[PDB]
Every structure is written in structure tokens, then in C-alpha cells.
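Participant: Attaching a single structure in C-alpha cells format; questions to follow.
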There are 2 protein chains.
Amino acid sequence: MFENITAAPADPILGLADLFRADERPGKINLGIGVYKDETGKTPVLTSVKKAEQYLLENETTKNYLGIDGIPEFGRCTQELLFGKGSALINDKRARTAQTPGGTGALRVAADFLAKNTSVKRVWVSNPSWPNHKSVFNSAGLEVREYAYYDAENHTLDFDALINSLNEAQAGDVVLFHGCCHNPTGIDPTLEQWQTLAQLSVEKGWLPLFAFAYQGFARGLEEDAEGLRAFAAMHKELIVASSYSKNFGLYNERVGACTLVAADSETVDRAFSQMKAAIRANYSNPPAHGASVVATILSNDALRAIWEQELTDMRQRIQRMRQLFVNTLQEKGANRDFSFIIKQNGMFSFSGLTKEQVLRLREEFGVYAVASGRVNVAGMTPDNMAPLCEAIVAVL
Amino acid sequence: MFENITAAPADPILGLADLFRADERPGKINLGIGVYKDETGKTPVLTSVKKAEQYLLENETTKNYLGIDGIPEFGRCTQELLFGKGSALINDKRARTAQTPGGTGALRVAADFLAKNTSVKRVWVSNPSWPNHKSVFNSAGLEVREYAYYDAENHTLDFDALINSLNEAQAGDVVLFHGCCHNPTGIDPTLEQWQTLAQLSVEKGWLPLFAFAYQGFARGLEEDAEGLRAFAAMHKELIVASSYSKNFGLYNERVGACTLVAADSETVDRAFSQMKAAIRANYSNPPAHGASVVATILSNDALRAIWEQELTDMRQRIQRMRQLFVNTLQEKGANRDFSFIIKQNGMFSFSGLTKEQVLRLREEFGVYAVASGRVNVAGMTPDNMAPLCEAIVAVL
Ligand SMILES: Cc1c(O)c(CN)c(COP(=O)(O)O)c[n+]1C
Ligand SMILES: Cc1c(O)c(CN)c(COP(=O)(O)O)c[n+]1C
């Protein structure tokens, strides 16, 4: 049956980790990881999630199935965080949230909900996009198209090329937005361009589907959500896919949310029950632990206080590593302005290096970067900066 | 977009829980729950998983993503438990395991692996089957057919009707087997009939897909696996979908496994990488907590010792509740032999009650049973037995 000729192929960002843990070479550096690392090169458990898991250890009395949409508190915290406490959507009950196995679990659920309950045939993902959005959408049977996004020769957002490539999208087409700055690019848009894109989806009939995996890593938790909140300010309907893997350090617990907005409460509840039947046929009901830890921290000032400082330290670290990188590049002699790496947000940026320049990095210097030129700033530490920069300088 | 006429419908076993928590009525009893309950009517956390989670609390230092297939230890324990320690399959490396979000997450992954990488078009599920197998398989796009299984007027397995309905299955058809006795029926087959069905799938070309969610609840952990191990004794290929929700009391952590067997190592690894690409496009990588708790208990004699006694007490409880039920039925005067409820294994049996008789139970006596006549023996306690039996007796 699988009796031969069952095919094979590898994940573009993950497969690199294998010939990372494979090298003897001392200075060896893994960039193009997905996760945050501290100054030690460890991805530590947050103190707040350790405190939260101790609470949970003493207080859980059962391990009985969660509802198909998960933990109630979690969903409300997820909407408080994505849309605000003073918020029409939460208020008017036009948003329903399903806790999901990670932000990627939420996109498959958006995708399957969409494929069988609507007329949506295409979904539009930026070029470039996180590689896996495409597979999520194709596995639901939706076909995936690509709108322009990244400049390249200016290292910015090509706003004109974005708009002018998206016009080709017809009305019931889904367009995927990166709310909290973009993987792999690090680029935004500005609030004005978010407003401009929110406008041009209202009059042109597109359905927004936000992917929101790095809330609290660009400017700040709430500042990051202006984009989503510009679109929700004027969309009758939208889907958000959020993850708590990054900002809570809760990666292997698979914590995420799939929020649906639908015009009014009644509609959102009829649509969200088909969202719940898509989940039920998939993984049945979500994993309690990580989400139980998220609902406890956020629903406790003591613990949310420490978490936010923990998030402010993660974010602060990456910002001085984006600054120490551009700077040790200047310092070890670079022939190019890498200062675009500043106002580029989050862990990732395309460094402008070519396929050739990347392979040359891994082979010659032990600096593993995702084959596209994307590097993870959080995998950089103040003791890394000089081996790192030296290598890049050698190559250009 | 969801702007109306987006449809709706409810889950046949779950929707009952809502007008369960909705009644004032004192004696109120919820049967047709899925989970185990102790003599108190609580679904307690196992001592062993509390000890295991304390270990984990002190020893985890990171919450970094698990591989797409999960925790290595977990997968080997899952194969030690499903096929044995002295086992050709594990030995010859012809079995690969993906930790999955619950046994239902494993069936969707089997289903999606099958739909896009093979010629499988139909899958055959017993009539009756756990309601949700069908939706799992239809959402993958496979069409679902039903083979005969349950007698009704003898309250047993109709073996002739099973075999003679399955002949209609062509060679690349998948047939779903319940390894560890059957949901909703409680019926088996015998080792001889397992041997007989394993035989008749070898010469007839069917692909076995086992659903294994109640290991250690029928006879014992290992005794329960004779069926799976009769089929694996002679199948080049098979898929197992197992869950640790029941036997570990780990329901909301979503712990499961999807095992693939493929003739030889090379094949199983080419097939399992397409299994991993199906997972990657679904939920990306599985939840650590519950599986981390399963790998710790099973990979520690002290803790596995206490767990097994905990499993032997769960199983022992249900066996005396199947016996106290048939007995208080005899005692409160029953007009019918309910002794078929003995050798019927697990928590569930069809009691032989009609749709009419069930609605009459909930409305008149506050005894919620799944509309099909299926009742969960573990939701019965020694203080329940008399309200319970009285009600059923009143109705027949
Ligand atoms: C846009 C997006 C990106 O870029 C990622 C990055 N790995 C993720 C990850 O999903 P998670 O479930 O948090 O691992 C999700 N989403 C929705
Ligand atoms: C056959 C089977 C049944 O009957 C059930 C019962 N709920 C499950 C449950 O999946 P889980 O993921 O353990 O909740 C799975 N499987 C595979």
C-alpha cells in the first residue's frame, strides 16, 4: 500500500537543525532557528510559567476534557490582548475563540473551516511568507497565491507592488496578513499603510486572515496590535490566528488561538460551530497545560506583572542584538549598510545575503542561517557578535 | 463571507453534557460521558501523573519545540506497549511513531496521510462505531463505508455478518479495527476471530488501521493487545492510532500516538516522512506536557508500578460496576438479562434500551445516557446503583 513509491521532501527551516547538530567546530552558531534564546543561548522556561505551573500542580484536581474551543478564561484573555479590554468586538460578542494546538493549529482550522463552509478558493500569502502557511492552506484544498511585499533593493515593504498585486484578488479571496511583524522579513506596514490596506479590503471585498505569532516583540503587546485593530475597526468579518509559543516561551506546549469575527453575535456563533466541527474532526479538543498556564499568568496581576517584564526583557534583548549586529558589522569593517536590520522588528530579518553567501557561511565559518538569507537575531548573544560578524564580513 | 447561510449541527455524545449541566433534580446521573469516574464521581489526576508532573516541574529547563513526531522515549514506550518488548516490529525498525494530540489527532493524521499519499479511497468502520471516526475519515476526503458488527438480538458480535459485509471491500480499502474493546458496543472479537480477521485481510488485501484508545481496560495492558499483535504478526503494513487519555487519566493533555508499520525500515521511513509533512501542515509539532508525563511514568519502575496499580484499580472498579449493575438490575426486579453487560469490556455497553427508553430515562428519572442506548459503566458508583437500576427497571 505504501509498498513503494510513496514520495518524501524536507522542511526548509527545520532540516537545517540536523546538520547543525552535527559539527565539532567550536565557534558554531545556529541562526535560522525559530525560537528566542537568552544571553546564554538557552531557551529558558519563564519564571512566571514556572510559578503558574506550580499553582496548577497543587490546584488541578482533574485532567478531564476541555470543551472543543478550550479554556474560557484563555479565550477572553486572547481577545483582551488581540482587540483590547475596551473593545467593541468582545463587547458586542462578535468574536469567538478556539484554543488550538499552536498558531499553526489555528491556521489549519481557519483553513479547513474556510474550505468546507465557504466559497473561498484562493488565499493570498505575502511573498515571502513563513514557508508553512502555504502547506496549511493547500492541505485544506485552498489554492495559494502570492502577493508582492518585500522590496529587496531598498530592503523595505514595496507598498505599490503589494497593492497592485492584490487587485488581482477577487472578492471572496482570503488575504493573509502578518499582524506583528513579518516572518521572514521583519518589515511591517506602518499604521497608515495598515489603515490603507484595511480600507482597500473593505471596498474590494477581501476576507482578512491575520497571523499573529509575535505579539509583544516588535514595539510592545498593545502597540503591536494596531494593525489587527485597524482591520477589526472596519471589518464585519475576519479570522485571527495567534500563538503564545514565543511571548510565553511556551513552544512545545502548543498554545494558540483561532478567533473568528462575523458581523454580529448570531452569525459568529453559527460560523464558530462549523469551526468547532472542523476541530472535532481534527484533534477533538485542545491541550490544557500551556493554555492553562497562559490563562493563570494573564488572570493574576502578580504573575502577569512578572511575565510582562519577562516579555519586555526578551524584546529588549533582541533590540540591542539588532543594534549590536549592525554595529559589530560596522566595526569588523562591512562594505554594506545592514542598518535596515533596525526597524525590522522581531527575531527575524533577511540579511540580504545570497544562497551562495549562506552556504559559504555554514561550510566555511559554522554560521547556520536559513537558506533564504533569514537570520534569527535572538540566536545572537554579546559573545557571539564578533565570530558572527567576522564571518559575514568575510563573505560581504 | 459567513454573511449568512453558513450551516450548523451538534455532536451526538457531547451535546448531551449541556442538558446534563442543566437539571436541579437531586438523583441526576450522567452516563454517556466518555471519561472514567471513581467511587466519588470525580475524574481524579493519577498519583503517578502528579509525581511525574512534580519531577517535570523541577527538571524542565526549556519549553522548546519537540520534533514533528514528538518525544523519542514516548514513541518507544508506545511501541513497547502496543507490540511488546520482545518484538520483531520494533526490532526490525518497521514501525514509526508520531506523538499526536490525542488518539483522535492520530486518526486525522492517518487519514490525511492516506488521502494524499495513497490510492485509498474507502475506509470501512464498524456499525456501530464511535460517531467521530466517520468525520475524521470524511474530512480527509476518504469516503466511509460500514461493515456489520453488532448482533442486537443476541447482544454479541455477528461474526458472519462482519466477514460477509467486508468481502465487498476491495484490495486498497482501509478497514478500521477497534483493538481494545469496542466503542459503543463493549464487544471484542476473540483471539480466534482476530486471527481469523487477520488472515482474511492478508489474502483479501485490506489495510488495517487500529484504533486503540482503551489499552489496559478490558483484560489487562498486554492481554488487550493480542488483537493488534495478531494482525502485526502477519501484516507487512498497518497503522495504529492510540490514546493515553483514558489509561493515564490524561484526557485534556491530548496525549496520543500514530504508529505506521510498512514492510521494512526504509519504506516505513519514506512513508513516515509524508506522515510528518501531514502533521507539519496540521498542528506542526505535538504538546509536550502529557506525553512527557507518559514517558516519565513508563520509563521509571517506581512510577510505572504505581501507575499500573492505578490502572488495575480503574479497571477493577469498572468490572465490579458491570457486575453490580447486572446484579442491582436482577435485584430491583428486571424483566431482561442484562448479563451480556458482563464480557463486554471497557466503560461502554449498549444496554439494549430504545431511543424511546432513553428519553424516558433523562426526562422522567434524570439518567442521561447517549441517545443510542450506550451507557458508561465508570459513571456508575455503588451509591448510584440503586437510583440507576430503579429507573431502568421502570422503563424495562
Ligand atoms: C505567522 C505564523 C508564523 O510565522 C509562525 C512561526 N513559526 C507560527 C508558528 O506557529 P506556532 O503554532 O506558534 O508554533 C504561526 N504563525 C501563524
Ligand atoms: C477509537 C477511538 C475512540 O473510540 C475514542 C473515544 N473517545 C478516541 C478518543 O480520542 P482521544 O484522542 O483519546 O480523546 C480515540 N479513538 C481512536
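Yeah, the Cβs are placed from backbone N, Cα and C, and that goes for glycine too.
Checked Swiss-Prot, it gives:
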type	residues	note
BINDING	B:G34, B:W130, B:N183, B:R374	L-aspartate binding site
MOD_RES	B:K246	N6-(pyridoxal phosphate)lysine
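Could you give the neighbours, burial and distances for every feature on this list?
Facilitator: On its own chain, B:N183 (L-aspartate binding site) has B:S129, B:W130, B:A213, B:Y214, B:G346, B:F348 as residues at least 6 apart in sequence with a Cβ closer than 8 Å to its own Cβ.
Using a 10 Å Cβ-Cβ cutoff, B:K246 (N6-(pyridoxal phosphate)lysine) registers 23 neighbours.
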Participant: Rounded to the nearest Å, what's the C-alpha distance separating B:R374 (L-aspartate binding site) and B:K246 (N6-(pyridoxal phosphate)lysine)? Just drop the number here, would you?
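Facilitator: B:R374 (L-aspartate binding site) and B:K246 (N6-(pyridoxal phosphate)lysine) have their Cα atoms 18 Å apart.
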Participant: Going by Cβ pairs closer than 8 Å, show me which of the binding-site residues B:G34, B:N183, B:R374 neighbour chain A.
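Facilitator: Of B:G34, B:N183, B:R374, the entries that lie near chain A are B:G34.
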Participant: Taking B:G34, B:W130, B:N183, B:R374 as the record's L-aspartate-binding set, what's the max Cα pairwise distance in Å, rounded to a whole number?
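Facilitator: Greatest Cα-Cα span of the listed binding residues: 11 Å.
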Participant: In terms of DSSP three-state secondary structure, what is the assignment for B:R374 (L-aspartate binding site)?
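Facilitator: B:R374 (L-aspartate binding site) sits in a strand per DSSP.
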Participant: Among the binding-site residues B:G34, B:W130, B:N183, B:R374, name every one whose Cβ is found under 6 angstroms from ligand 2, counting any of its atoms.
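Facilitator: Near ligand 2, sequence order: B:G34, B:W130, B:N183.
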Participant: Tell me the Cα distance separating B:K246 (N6-(pyridoxal phosphate)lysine) from B:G34 (L-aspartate binding site), rounded to the nearest angstrom.
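Facilitator: That comes out at 9 Å between the alpha carbons.
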